[PDB]
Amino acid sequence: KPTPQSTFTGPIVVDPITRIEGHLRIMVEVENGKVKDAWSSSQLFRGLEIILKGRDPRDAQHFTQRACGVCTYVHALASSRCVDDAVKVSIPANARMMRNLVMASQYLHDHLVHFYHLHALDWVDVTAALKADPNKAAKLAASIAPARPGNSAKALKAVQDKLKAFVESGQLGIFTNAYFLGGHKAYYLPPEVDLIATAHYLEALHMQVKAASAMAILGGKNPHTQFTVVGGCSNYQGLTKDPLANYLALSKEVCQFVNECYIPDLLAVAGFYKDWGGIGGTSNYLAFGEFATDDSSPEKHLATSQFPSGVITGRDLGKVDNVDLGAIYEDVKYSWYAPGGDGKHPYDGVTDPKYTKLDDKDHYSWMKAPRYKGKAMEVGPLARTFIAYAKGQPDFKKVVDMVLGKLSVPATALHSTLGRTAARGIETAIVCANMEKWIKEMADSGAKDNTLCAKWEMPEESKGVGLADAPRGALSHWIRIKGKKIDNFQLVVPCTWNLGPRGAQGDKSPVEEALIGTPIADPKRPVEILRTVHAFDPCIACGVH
């Protein structure tokens, strides 16, 4: 070190932000090589909430699932929980277990793909992998990760030979114009680490097929699962012995990769970029919790989630507050919606599109701005991690302390872009550690009694909320039913919390705040913008819907 940083003063625009879901434009003002102001500008509107009005409430989960195909399943789950609450049905134990296991499978697939296929190219110079000696890289791999055939000299040379033939063809494909071509001051990894990470990148393309096949045993298919119904689930076959044996076996292979490659790569990258523990922090954290033992009501979900719910404000780990679903609202002042729409709780949500022009500082995003008693909230792995750690959740206490010790940093260093990236791995490891217990619970239960859907009745008028903590954080769906039809259906989505624009007070969202202070080593190739933005795991189709 020190952290490289130019003298650049002036604007930077990055559009498209690639390696995310959906269409994001980031605009920053830079002064003397650090970002001094930022704007998160979501560039597509579809309008699922408008589309849903007047439709059968049973249909909502099938429309809302298509808010996003990266976080497939999560919206179908949130809609089903939502309608379940509105008709006041408590799902059978087996449906709670099956819905929660499908969420677990979704965490593993999503987090593996994000780290390798979306985030890693911000930290890993693939073309520098060509400079590495494979025997030296194999020795190094022995010193940073579990022993495995895939990290042998022979295996790493084969990867290097494949990459060499590809680069030498002159058709660079997805690496065309990469920020790391020619070297880059902000890229710190030795060529040996580049080679090791690239080898795992390719293995992960295969491993994610297995993670999705696991999810589909219970889900029916991936992407876009088709096993949830009002009152529980449809998938009786999902409770039987052979499908569960295959589900376990596949989940053990995926988890072996998580422990052998993902966590070791993450920690190796974290070790080299320790300065990134001082960049990109925010102050307030929210989670609805996930993996509950009682999903009979949203109240019970919040209370019994094994990854707990909570609200942390101004980094005070000493005061985890309970979630007040009544205190959530959304603003539209800096958004491309009609005026008069600020401060709306989602039961009274309004979605009235009104575009102005590109880069209008008064209206610059298709995302609404969710706020909580006037404050912006960061959601996602980092939020869940701090909340669980603060609450002494033992799996989180252990895995967090392992990471802090390996990196020799205090817990405060997690309030950062490095911490946000580390929290994603931390929770993946913890989900893995729970899979066999959760699968046994459902197998034994389903063996004894295969009840999977409860009876229910459509009310003439009602409302309900469905909560989930999706891979990206706190997800909530809200319905008003009238004449047995959808009167209102509002989605408030994790990326809406993290990446939306300013709220009615002019206050920056979490990603806008996190971008403040970002050093820019090379304005022509502003990878540091990408590092922080990607650490939030953006999904603009989710954010805007």
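Note that residue numbering begins at 1 and tracks the sequence as displayed.
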>> Comparing average C-alpha B factors as deposited, tell me which of 364-372 and 295-303 sits higher.
In response: 295-303
> Averaging C-alpha B-factors over each stretch, which comes out higher, 468-476 or 239-247?
Replying inline: 239-247
>> Just to confirm, going by the entry's C-alpha B-factors, which of 401, 330, 110, 85 comes out highest?
In response: 401
> Considering only 382, 214, 95, 407, which residue's Cα atom bears the greatest B-factor as recorded?
Replying inline: 407
>> Please place residue 532 in the lowest, middle or highest third of its chain according to the CA B-factor in the PDB entry.
In response: middle
>> Ranking every modelled residue in this chain by its Cα temperature factor as given in the entry, which third contains residue 512?
In response: middle
> What third of the chain, by the recorded C-alpha B-factor, contains residue 220?
Replying inline: lowest
>> Ranking the modelled residues of this chain by C-alpha B-factor as given in the entry, is residue 16 in the lowest, middle or highest third?
In response: lowest
> C-alpha B factor of residue 518, ranked within the chain: lowest, middle or highest third?
Replying inline: middle
